[PDB]
């Protein structure tokens, strides 16, 4: 029953066990989240940017993330989204801090700015990996230069059906091309923990819209 409605420009926190991040540079975009992992992002048409979603304040190599989306008017992309950070590595090494993405739905392919790594199968779904570089861009540790690891499926993951993201398969596929993730379970960065969320990302939307669904931890044992 516990639930929150996030309408301020930026916020992080927890609803029960679910971490969330929420960011917009303007407009009325709002994140609805309850303690069972049910969530909804509604956005406003215009020159606004939104990144937000529920998950966990830490990543885990062995996590399996389950989710279902019941609606997506057309977000720029819907993706698993997280960070790793090794405070001991030099900040001039872009592998010291990594943003990672496992795309699931998109109207814009954000991996088109990356270099191609490899192609693999996970949960019967074919994915291709990409790496891009962000130079002096915002991060959980302030502005710095860091890599982005992407995993893109060969088809959109459809609405109304449960899906699984077997995170270990993606970690391995990135590691197969030398793309190593730094520590995903720390608060060493200045601004945020090394979180991992199912993010709705909406950049300069032409219209009002909504993406809604539910997320859960599906790690087998």
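Positions refer to the first chain, counted from 1.
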- Higher of the two mean Cα B-factors (25-33, 63-71; per PDB record) comes from 25-33
- Message: Mean Cα B factor from the PDB record: higher for 183-191, or higher for 150-158?
- Response: 183-191
- Note on the structure: Note to self: of 114, 143, 84, 117, the C-alpha temperature factor tops out at 143
- Query: Quick one: which of 52, 55, 47, 178 has the biggest Cα B-factor according to the entry?
  - Reply: 47
- Item | For residue 98, the third of its chain into which the C-alpha B factor falls | lowest
- Task: State the tercile, meaning the lowest, middle or highest third, of residue 129 with respect to the CA B-factors recorded for its chain.
- Result: lowest
- Within this chain's modelled residues, let me know which third the CA B factor of residue 211 belongs to: lowest, middle or highest. middle
- Lowest, middle or highest third: where is residue 76 by Cα B-factor in its chain? middle
